[PDB]
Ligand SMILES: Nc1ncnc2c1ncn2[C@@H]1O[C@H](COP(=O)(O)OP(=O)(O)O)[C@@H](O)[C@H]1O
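A lone chain, given as structure tokens: the form deposited without adenosine-5'-diphosphate (ADP).
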């Protein structure tokens, strides 16, 4: 049995360096670590990501964007995430369904219930064991074209979701000195290892 950990938050929050940090802590304890990201994580998922990010003169329907995001997820689950967990590996996934509630839900305004329906439809009972929210104040692809209010509603959705399920989430103040943040990651580790074992 393995463990499914997701990381959510914007760039410049240190997600990658901190994911590397966590990954080294686990690896030095003999635990296999599978790094991955969404949307993407397999050849086909990465091609779907390309459609998602590529600007176009044709407006992408909201449902189209939502269904593509979940198509990439479906493929990623089958190709990478589930097999990793089956190996007893710890998956460190940069962005997952919380990013859907945040971007397609908070950002775009899609009803949370439609996102919930697809989450269950695609994932069955699988949810992350732990979700690390890297929180900090707020050419381009389709999403980077968006405005400050979009990214503000994005930020707030992570915190709202994190607040409703405090046991599954750990919110990190990415505005804190890196050293302090990684100290937080160290304090999370025992519980992580306990979960895994």
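What we label the rigid core is the largest C-alpha set whose atoms superpose within 1.5 Å from one form to the other. Residue numbers count along the first chain shown, from 1.
One more form of this protein, deposited with adenosine-5'-diphosphate (ADP) bound, exists but is not displayed; see below.
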Place adenosine-5'-diphosphate (ADP) on the shown form using its pose in the deposited bound form and a superposition of the nearby C-alphas, then give a one-word verdict, open or blocked, with blocked set at 3+ atoms within 2.4 Å of backbone or C-beta.
blocked
In the deposited bound form, does residue 25 come within 4.5 Å of adenosine-5'-diphosphate (ADP), counting heavy atoms only?
no
With the partner left out of view, is residue 176 within 4.5 angstroms of adenosine-5'-diphosphate (ADP) in the deposited bound form by any non-hydrogen atom?
yes
Considering only heavy atoms, tell me if residue 184 and adenosine-5'-diphosphate (ADP) come within 4.5 Å of each other in the deposited bound form.
no
At a 4.5 angstroms cut-off on non-hydrogen atoms, which residues of 1 to 33 are near adenosine-5'-diphosphate (ADP) in the deposited bound form? List them in order.
10, 11, 12, 13, 14, 15, 16, 17
Core superposed first: is there a CA shift of 2 Å or greater at residue 174 between the shown form and the other one?
no
